[PDB]
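Colleague: Sequence first, structure after, both from an experimental entry:
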Amino acid sequence: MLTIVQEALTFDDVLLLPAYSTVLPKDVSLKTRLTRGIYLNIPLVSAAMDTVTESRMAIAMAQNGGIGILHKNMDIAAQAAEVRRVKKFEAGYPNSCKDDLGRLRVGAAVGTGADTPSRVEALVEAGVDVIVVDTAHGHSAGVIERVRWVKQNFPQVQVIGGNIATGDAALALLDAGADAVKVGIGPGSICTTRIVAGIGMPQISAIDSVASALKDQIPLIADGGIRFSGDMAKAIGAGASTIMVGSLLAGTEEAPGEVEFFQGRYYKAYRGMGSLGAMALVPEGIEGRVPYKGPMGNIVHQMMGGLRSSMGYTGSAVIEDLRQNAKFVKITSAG
Amino acid sequence: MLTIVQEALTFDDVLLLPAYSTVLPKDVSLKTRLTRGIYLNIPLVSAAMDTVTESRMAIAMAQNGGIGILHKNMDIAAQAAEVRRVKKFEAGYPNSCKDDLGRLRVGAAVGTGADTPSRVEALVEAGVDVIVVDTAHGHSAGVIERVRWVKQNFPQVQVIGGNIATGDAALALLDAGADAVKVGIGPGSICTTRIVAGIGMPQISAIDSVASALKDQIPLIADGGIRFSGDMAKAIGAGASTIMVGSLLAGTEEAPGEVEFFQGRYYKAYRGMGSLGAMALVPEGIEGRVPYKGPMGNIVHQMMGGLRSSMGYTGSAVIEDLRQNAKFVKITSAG
Amino acid sequence: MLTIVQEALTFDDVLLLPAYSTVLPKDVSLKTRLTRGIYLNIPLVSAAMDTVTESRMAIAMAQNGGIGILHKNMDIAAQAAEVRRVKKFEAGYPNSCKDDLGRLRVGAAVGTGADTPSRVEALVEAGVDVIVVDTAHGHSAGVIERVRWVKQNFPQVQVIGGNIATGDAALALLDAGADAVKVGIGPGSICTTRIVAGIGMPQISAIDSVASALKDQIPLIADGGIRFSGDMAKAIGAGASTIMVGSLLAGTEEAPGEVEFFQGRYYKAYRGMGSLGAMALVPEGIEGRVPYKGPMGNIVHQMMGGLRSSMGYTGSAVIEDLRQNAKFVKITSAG
Amino acid sequence: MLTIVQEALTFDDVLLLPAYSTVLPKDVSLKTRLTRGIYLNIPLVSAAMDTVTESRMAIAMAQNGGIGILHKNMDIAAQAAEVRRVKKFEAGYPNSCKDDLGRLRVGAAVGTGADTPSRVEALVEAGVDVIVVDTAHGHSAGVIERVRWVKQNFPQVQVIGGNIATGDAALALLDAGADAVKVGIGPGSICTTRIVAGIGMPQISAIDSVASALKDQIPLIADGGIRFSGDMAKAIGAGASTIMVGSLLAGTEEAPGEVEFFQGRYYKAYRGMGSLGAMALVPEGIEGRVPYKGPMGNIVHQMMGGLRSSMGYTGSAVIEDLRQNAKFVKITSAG
Amino acid sequence: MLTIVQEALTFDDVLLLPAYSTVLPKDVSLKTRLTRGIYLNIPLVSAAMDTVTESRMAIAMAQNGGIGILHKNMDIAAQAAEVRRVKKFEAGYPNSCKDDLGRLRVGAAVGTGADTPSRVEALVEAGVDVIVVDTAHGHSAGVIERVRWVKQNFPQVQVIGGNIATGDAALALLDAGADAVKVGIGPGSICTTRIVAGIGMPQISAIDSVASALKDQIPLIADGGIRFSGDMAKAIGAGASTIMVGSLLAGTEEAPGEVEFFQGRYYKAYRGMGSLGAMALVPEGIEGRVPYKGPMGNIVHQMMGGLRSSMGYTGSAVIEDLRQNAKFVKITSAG
Ligand SMILES: C[C@H](Nc1ccc2ncc(CO)cc2c1)C(=O)Nc1ccc(Cl)c(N2CCOCC2)c1
Ligand SMILES: C[C@H](Nc1ccc2ncc(CO)cc2c1)C(=O)Nc1ccc(Cl)c(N2CCOCC2)c1
Ligand SMILES: C[C@H](Nc1ccc2ncc(CO)cc2c1)C(=O)Nc1ccc(Cl)c(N2CCOCC2)c1
Ligand SMILES: C[C@H](Nc1ccc2ncc(CO)cc2c1)C(=O)Nc1ccc(Cl)c(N2CCOCC2)c1
Ligand SMILES: C[C@H](Nc1ccc2ncc(CO)cc2c1)C(=O)Nc1ccc(Cl)c(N2CCOCC2)c1
Ligand SMILES: O=c1[nH]cnc2c1ncn2[C@@H]1O[C@H](COP(=O)(O)O)[C@@H](O)[C@H]1O
Ligand SMILES: O=c1[nH]cnc2c1ncn2[C@@H]1O[C@H](COP(=O)(O)O)[C@@H](O)[C@H]1O
Ligand SMILES: O=c1[nH]cnc2c1ncn2[C@@H]1O[C@H](COP(=O)(O)O)[C@@H](O)[C@H]1O
Ligand SMILES: O=c1[nH]cnc2c1ncn2[C@@H]1O[C@H](COP(=O)(O)O)[C@@H](O)[C@H]1O
Ligand SMILES: O=c1[nH]cnc2c1ncn2[C@@H]1O[C@H](COP(=O)(O)O)[C@@H](O)[C@H]1O
C-alpha cells in the first residue's frame, strides 16, 4: 500500500494572515540567530555557489547584517585565502555582522570527501566563524559523522549540517552536534533533483517538519525557492530563523563573474552546483543567465523592506514573534 | 507546528447555485446599506484612488444610486473643495443616492497621520456623509483609535474602518464605533501585498470571516478583486452589503486623468495607492494603463444587470435575500 | 456562515474505470430514452440553437438514430413549417428514429412568453413528438407552470423542462408532469452565465444531483460542455440518458448558416441564444466562428465510436449498464 | 512583353524633407478646397460608410471645418432626411464649414443603379452641397456617364467621381464635368481588392498620377490607407487637396453603431461597403471591430496637430505651399 | 563575372492597373485555350498530384469548364481506367468542357522512364484528350525527346511539355512539337527546389519570359504559387492562357483521400510529387495537411468570381484582352 506521509506545501500554497498590530514596519527588529552561537542583524544568508558567494559577496553580506557562505568549488588554499580576505577587511555600515574581535563574520562550505579534514583545519585557522557541511543529502551517515567530527575536533567553530527536509534528519544532525540545520531538498530555482530523482519536499512543509522536531534547540536555515520578500516572511512564519538565497543575489555586482552583453542587455551567469559545468553522478542542476542587478545592497534593502512590512501586518516586533505567532491560510490554484 | 486556520476561497473557487425563483431580473431591488445609517440604491462604491475617484466620479456614482469615496492623495483644502463640489451639484437620475437635504451623497478617505484631525474637521464642515479611515491594515491600533476618535468627536458623520480580512479585526472596529468595515487584504488587481509581504486572504473567505463575526450589527464593503458582475453576486452571497471597485471604473470618462493615445488605442492610467508613483515603505502596488471605456454609466449598467440576473437565478427579490439565502459549490482548477 | 453544498465536479475532474468485459465496442447497444415515452437509437440530441438545428439538422439527427430540437428563434408559422418538413420527409438509414406512423422524430423549443400557447398548439398540430420548454432557469414558477400546462392541455405530446442543475429542480419539474428534464447551468462552450451571474454547476455533479433525486422516474438530457466522446461516456456514467450538443454539430453542412471564407479557411457561425446577436437582459452567451466540418454524419460516427469504446472498457453491453455500473476516480490538475 | 508602368509608392515608402521655415505650426492655415466650388477649413473628409458617416458624424465633421459624406446604404427618403438633419442643424465652433446661407455643409453618396436619378433629385432638393458618385471603379463608362448626367441635370450641386488611381481616369472624369475626383484603388484598411482582383495602386503614386494629369483644374480627395497624421502630410505633399478617412473615425462616439462589450474592452463595428454584411459580386472588403475612441473631436485635433507640425517643418504657411513645394526621399524596408 | 539575367518578379511584386471599362464582371468571357487544339470555358487546370487529381476531380473540373490532369503515381491500367471513367461519365452543367463527341475532357501525366511508351499508348486508346509529359525539368533532353516522340507517334492526341521557366526552354519545346508549355520552376506551395537546388524563377517573370518567346504560337499553363483569385488575373495579364492549381483544390471533397480528424478540425493530405512519401534523388517537396474545404465547386466559383472582377477593372471583355492589354505597377515590400 502507498505511503503518503502528508499533503506537502510550498510558498505559493499559503498566505500569512494579518493580526492585531502596534508595530510599524520601520521599527521592527530583523535580528535573528544563524546557529545557536552566531547571531545575525538580518535573516539573510548568501548561497555557497561559485556564481553567488566569494569574498566580495561575503563582505557585502556581513556589512548588511547577514553572512556569506563561501563556496567549496576551489582548492583549500584558495578558500582559506577568501576567509582571511573577509576577516581582515577594514572599511574607510552600523548593522555589520561581526565577531567578538570586531571582524566581519564569514562561513565556508565543506564536503565529506578525503580533503575535508585538511579543508576544515585551513578554514578554522583562517578564522572562519562557521563550517557548513554542504551536501544534497544531509540525512546520510557521511554527513552526520562529518558533522560529529567537526564538533569534536574543532569546538571553537560553529557547524551547520545539510541539506535536509524532514524532522528525523534534523534530530540526527542535532544528536551529531550541529549548531544549526540547513533545510531544502528540491525548492531551488536551478534544482532538477525532483525531475532527475523524483525526490523532494515542498519548502513550507520541510521547514515545518524540521522546526517541529527541533523544538528551538537549534535554528534552521530555509534554503532555496525564495523568489520574493513574501517567501522570506512565510519561511520565518513556518519556523525558519534565517533564509538562504542563490538566485536573488546572483547577477549583482558583488557576485562572482563578469557581466555579459547578450542581445544588447547585461547578464551574469547563475548555475547549480550539481550542474554539468559546476561538476566539471548525473547532473541535478541547470546552468543559466540572470539579469545584471547592480549593487547587492539594493536587492537586500528591497527584500528586508518587504519582510518589515509583513512583520508590521502580523504585529511581529521581533523575528521570534513571527516564528511563534504566525497564522496561515491554505490557498487554491485560483489564489 | 504550522497553524493553517482554513483553506481560504476566492471568487473563482466558488459558484452560486440556482434556486426556486418567482422574480425576474428586471424586478429585483438592488437597494442596500453602505453603513448602519447610509443606504444606497445600488451596492456599488468607487475606490478611494487618484486614478478612480475625484468629484466627477463621485457625482456620477451618486447619480447612479451608489457612492464615491474621494481619495486622500490631495491636501485638506483640495479634498474639502471636492466634497462641496458633490454636495452643491445640481443637474439640468431618479435612482440618485441623496442625503436628508436632497444633496448627492459622498465619502472621503483619511489616514492616521498628524493631518487627520484637521482633514476630518474640514471634510465634516464641507458636508461629507461618511469618513473612510482608509489604510492597508485596519487591525492596527492606530486605525482602531482613529475610528474611535472620529465617532466620539464627529457623531454627525458616518465612519468606516479598514482594510480588514478577519472576524477578530471586524469586532475590534465594531467595538471602536465603526458604522461599517471595509474588507480586502490582497484581492486588488494592482495589489502586490501578497508578493511583497506574503500577506493576504482570498476574498470569499475574508467576506465570510467578517460577516460571520459581525452578525449584521454593521455592514461590510467587499473591497478589491471584482472583475465581472458575477464576482459581485458571489461577494453579496458571501455576506457583503456593498462592493468597492477600482479597476472597472478606471479608464472611464468620469475617472481622473486624461486619455492617452498609445499604439493607436486609447487608455487612462490606473495605479495602486501604495505604488512608487502614488507614494511620491517598499511599494505594494503596481502602475499601469487601462483601456478607455467611455461613460462610467455603461460599465455600471452592465455590472448591475449581471447582478440582477444572479438575483433572478437565486430567487432573490432584494439584496438581503441573496445575503441570507445564497448556497455555493466549491469548484476545482478544471472548473 | 458560508453554505458550500459540495465540491462540484466537471468532465475533466473524473475518469471512468475499466471493468471486467465480455463485450466488444462493435456489439454494444446505444439505444436509450429521450423521455419516458420516446426512445432513441443513439443518445445524441442536437441543441435548440439558430446556428445548430433547423429542419436539415433535425432530419440528419433522426436518420442517424437521434433527435433534433428545432430552435424557437423564428415565428410560430416558420417553426411549424420546419416540424412538417421533418414529419413529411421521405428518403430515396436503418437506425432511423421514427414514430408509430414511421415518420422521422423531431422536437421543438418553446419559451414561457405570451406566444407559447399558440406556438405549442401549432407545433402539436404539425406532428411534433416533443415540446421542449427551453429556458436558462427551469427552477422558476414560470417554467414549472408552463410544463404543467403543456402536459394537461396536450397529453398526446411529450414535454421536457429545463435548464436545471439540482435535484430539487428535477423533483419540481417531475411533479409538474415533465417526461424528461434538461440538465445544464453554466457548462456550455459559448456560456458566460458563470462570468455574468456567477451562477453555475459543474456538469458531472449537476447530472448526479438530478439523477439521484429522480431515481429513474424520468430520464435526463445532459446539456452543454461536451467536447469529446469521453465526456458523453462520463455524462451517461454519471446518470444521463441522452446528451445535447451545440458546438460539436455547429459548422457541419446540415447546420444553419452559409460557409464563410476567412483567412483562407472555411467557417460557420456559432452563437449562444443569450448572445447580443441572438437576442436582437444583459447577454449571457458569446458569438463566434467554428471550422467547417462537412456532413454531420462523420462527427456523429466519431462520437458514437468513442462511446462504444468506453462501453467496451466498462463492460457495458447496453446504455443502462453504463448508467448503473459506472465507477469513477477523481483526478487532480496534474491528471 | 510585361508592361510595368512604374515602381509605385505607398506612404511608408517616402518621407517628407524639412525645409527653411518662418511659419510656426500654430500659425499655419489648414484651409483647402474639397471641389472647385467648395472650400473646407481642414483637409479632412469622413468616409461614405455605414460604420463611419451618418448625420451625427457629418455634423461633427462640418463643425470641425471638414465635411461628411453620408453613406448610400439607406433608402432615398432616409438619406434625404439625413441631408436635411445636417442642413437644419443649429448649435447652443468658429471653424465651421458652412454654405452661403450659413448652414453646415454635407455630401451624400450615390451609385449608378436604377434608383440613382430619384436619389440625386431628393438629395439636391434636401440641399446637399455635393453629390459623390461612389464606386470601386470610377474609370468605368457607367460612372463617367452618371457624373455627366448629374452635372448636366443638376448644375447647382457640386459632383465628385471615383474611385480612381490613374491620370487617364482623372482626365475622363474631368471631361465628364466632375468638380473633384476621389483617389484610391486598394489602399483601404478593410480593402481586399488587391487579393480578390489583383488590382491596385500604392496611394502616393495614385495621388501623383492624378495630380500631374489634372494640373490643378479640379482638386483630388486622397481616399484610403491613412493611419497617422504623417500619412495626411505625405498625401498633401504628393498633390492631394483633402484626405478621406474611414478607420480613423470608426469607433468614435459620432460614428454609427452601438458600443459592444467584448473581452472587457469596448468596441464599435467597422466594415467595408463591399463586405458580405454590407452587400446583404464576390466581397472585396472585410468586417471587423475597432476600439471605442470617444469623441471624434480628439482624433481630428491630434491629426491636424500633426499636419500643423509637418507644415512647420516644410515651411508651408498654407496647404497650397505643401502641395507645390514638398520634397521627398524614397526609403527602404530598413527605414 | 556574375550573370544576372534580370530582377525577376513574383505575384506579390506587382499589381494590375484599372483601365477604361465598358464591361461588367458578370458579362466577361472566361473562355481560353489549354493547347493549340483544346479550348476551356474557364482558365483553370487541376494539378497532376496524388492528393489533387483522380477521376472524381477530373469530372468536377471538366463539368465546371476546366480540365483535370490525372496523376501518374498509378500503374498504366489504373490510369487508363481513370481516363475512361471521365470519358464515359454521363450526368443526371452548361459550361462543361467537352470534346467533339460531347464527352468530358481529361488529361493524363506521363514521365520519361521505361513505361512511358506503353503508358502513352494505353492513355491514347482510353480516349485521353491531352498527354502531359510531367517533370521538374522540361528543358532536359529527355523531355524534349519524349514530347517529340508523343507528337510523331500519336498526332491524334494533344501534348504538353514541362516544367519550364525560360523562353529558350519554351522555344525548344515548341520545336519538339508541344501544343502547350507548362510554366513553373520553384513557385509551388509545397516546393523545396529553391532550397535544395537553389534553382527557380519568380512566376510573373517566368510567364513573361515564356510568353514573349512563344509570340502566341502555343499557349502556356501558369503552374504553381496561386493562392488567391488575384494571382490568376496577374498570371493571365503576364501572358498565361490557363492556370494550374494544386493547394487550392487539395482538401476539397472531389480531391483524393479521406478526411482526417486532427485536433478537433477536419483535414486532407497534400504533398509534393517529389516528397519522400510520394517518391516511395533527394526530395524536392514537402508533405502536409490542408483543411477540409467541401465541394470544389465553391472554390472554383469564388476564384472565377474574383477573375471576373479583375476583367471588369481592366476593361477586359475576353481572356485575350487581359493577356494583351494588361498594365502593371511594381510594388515594394511596404506595398
Ligand atoms: C549531483 C547532485 N548535486 C547537487 C549539488 C548541490 C545540491 N544542493 C542542494 C540540493 C537540494 O535539492 C541538491 C543538490 C545536488 C548530488 O550531489 N546528488 C546526490 C544524490 C544522492 C545522494 Cl545520496 C547524494 N549524496 C551522496 C552521499 O553524501 C550526501 C550526498 C548526492
Ligand atoms: C505601502 C502600502 N500601501 C498600500 C496602499 C493601499 C493599500 N490598500 C489596500 C491594501 C490591501 O491589500 C493594501 C494597500 C497598501 C502600505 O501601506 N503598507 C503597510 C504595510 C504594513 C502596515 Cl502595518 C501598514 N500599516 C501601518 C500602520 O497603519 C496601518 C497600515 C501599511
Ligand atoms: C440572457 C440569458 N439568455 C440565455 C439563453 C440561453 C441559455 N441557455 C442555457 C443556459 C444555461 O447556462 C443559459 C442561457 C441563457 C437569460 O435568459 N438569462 C436569465 C437570467 C435569469 C433568469 Cl431568472 C432567467 N429566467 C427568467 C425567468 O424564466 C426563466 C429564465 C433568464
Ligand atoms: C464588390 C466591390 N465593392 C466595393 C465597395 C466599395 C469599394 N470602395 C472602394 C474601393 C477601392 O478599392 C473598392 C470598393 C469595392 C465592387 O464594387 N467591385 C467592383 C469590381 C469591378 C467593377 Cl468593374 C466594379 N464596378 C462595376 C461598374 O460600376 C463601377 C464599379 C465594382
Ligand atoms: C526530386 C524532384 N521531384 C519533383 C517532383 C515534381 C515536381 N514538380 C514540379 C517542380 C517545379 O519546381 C518540381 C518538381 C520536383 C525532381 O524530379 N528533381 C529533378 C532535379 C533535377 C533534374 Cl535534372 C530532374 N530531371 C531529370 C531529367 O528529367 C527531367 C527531370 C529532376
Ligand atoms: O545543482 C543544484 N541542484 C539542486 N539544488 C542546488 C544546486 N546547486 C545549489 N542548489 C541549492 O539551491 C539553493 C539556491 O536556491 P535559489 O535561491 O532558489 O536559487 C542553494 O543554496 C542550494 O541549496
Ligand atoms: O497599492 C495598492 N496595493 C494594494 N491594494 C491596493 C493598492 N491601492 C489600492 N488598493 C486596493 O485595491 C482596491 C481596488 O481593487 P480592484 O477593484 O481589484 O482594482 C482599492 O479599493 C484598495 O482597497
Ligand atoms: O447564450 C447562451 N448562454 C449560455 N448557455 C447557452 C446559450 N445558448 C445556448 N446555451 C446552452 O449551451 C448548449 C450548447 O453547449 P455546447 O455543446 O457546449 O456548445 C445549449 O444546448 C444550451 O443549453
Ligand atoms: O469593401 C470595401 N473594399 C475596398 N475598399 C473599401 C471598401 N469599403 C470602403 N472602401 C474604401 O476604403 C476607404 C476607407 O479606408 P481607410 O480609411 O483606410 O479605412 C473608403 O473611403 C473607401 O474608399
Ligand atoms: O514535390 C514537388 N516539388 C516542387 N514542386 C512540386 C512538387 N510536386 C508538385 N509540384 C508543383 O507544384 C504545383 C502545385 O502548386 P501549388 O498550387 O502552389 O500548390 C504542381 O502543379 C507542380 O507543378
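Modeller: It's in. Numbers count the residues shown, from 1 in each chain, chains lettered A, B, ... in the order given. Ligands and ions are numbered 1, 2, ... in the order given.

Colleague: who's in contact with the residue in the stretch 1-150 of chain A that ligand 6 sits nearest to?
Modeller: Across the stretch 1-150 of chain A, the shortest distance to ligand 6 (Cβ to the nearest ligand atom) belongs to residue A:47, at 3.6 Å. All C-beta atoms are positioned from the backbone trio N, CA, C, and that covers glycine. If you count contacts by Cβ atoms under 8 Å, 6 or more residues apart in numbering or on different chains, residue A:47 has them with A:53, A:69, A:223, A:244-246, A:249.

Colleague: For those residues, could you give me TSV that also reports distance to residue E:80, secondary structure and neighbour count?
Modeller: Formatted as TSV, the contacts of residue A:47 follow (distance: Cβ to Cβ, whole Å; DSSP: H, G, I helix; E, B strand; the rest coil; neighbours: other Cβ atoms under 10 Å in any protein chain shown):
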residue	distance to residue E:80	secondary structure	neighbour count
A:53	82	coil	31
A:69	84	strand	29
A:223	79	strand	32
A:244	81	strand	29
A:245	79	strand	25
A:246	75	coil	27
A:249	79	coil	30
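
Colleague: out of those, who's near ligand 6?
Modeller: A:223, A:244-246 (Cβ under 6 Å from any ligand atom).

Colleague: Nearest to ligand 7: which residue in the stretch 101-250 of chain A?
Modeller: Here the stretch 101-250 of chain A gets closest to ligand 7 at one residue, residue A:230, 13.1 Å apart by Cβ to the nearest ligand atom.

Colleague: Just give the nearest non-adjacent residue to that residue, would you?
Modeller: Leaving aside its sequence neighbours, residue A:230 sits nearest to residue B:198 (Cβ to Cβ, 6 or more residues apart in numbering or on different chains; 2.9 Å).

Colleague: Now the one you found: phi and psi?
Modeller: Summarising the backbone geometry of residue B:198 under the convention degrees, to the nearest 10, its torsions are phi 70, psi 20.

Colleague: what helix or strand does the closest residue to ligand 5 within the stretch 101-250 of chain A sit in?
Modeller: Sorted by distance to ligand 5 under Cβ to the nearest ligand atom, the residues of the stretch 101-250 of chain A start with residue A:195, at 43.6 Å. Per DSSP states H and E, residue A:195 falls inside helix A:193-196.

Colleague: residues in contact with the residue nearest the centre of chain A?
Modeller: Residue closest to the average C-alpha location in chain A (Cα atoms, centre = their mean): residue A:244, at 2.1 Å. When the contact criterion is Cβ under 8 Å, 6+ apart, the partners of residue A:244 are A:45-47, A:69, A:182, A:184, A:221-224, A:226.

Colleague: Roughly how far does residue A:143 sit from chain E?
Modeller: Separation of residue A:143 from chain E (Cβ to the nearest Cβ, to the nearest Å) stands at 51 Å.

Colleague: OK, contacts around that residue?
Modeller: Residue A:143 makes contact with A:112, A:133, A:135, A:137, A:161-162, A:173, according to Cβ under 8 Å, 6+ apart.

Colleague: The closest residue to residue A:14 other than its chain neighbours: how many residues sit nearby?
Modeller: Nearest residue to residue A:14, sequence neighbours excluded (Cβ to Cβ, 6+ apart): residue A:328, at 4.6 Å. Other residues near residue A:328 come to 22 when the count uses other Cβ atoms under 10 Å in any protein chain shown.

Colleague: my guess is residue A:328 contacts residue A:19, does it?
Modeller: No: the criterion here is Cβ atoms under 8 Å, and residue A:328 misses it with residue A:19 at 11.5 Å.

Colleague: For the most far-flung residue of chain A relative to its centre, give its distance to ligand 1.
Modeller: Counting by Cα atoms, centre = their mean, the extreme residue of chain A relative to its mean C-alpha position is residue A:1, 36.5 Å from that point. Taking Cβ to the nearest ligand atom, to the nearest Å as the criterion, residue A:1 is separated from ligand 1 by 26 Å.
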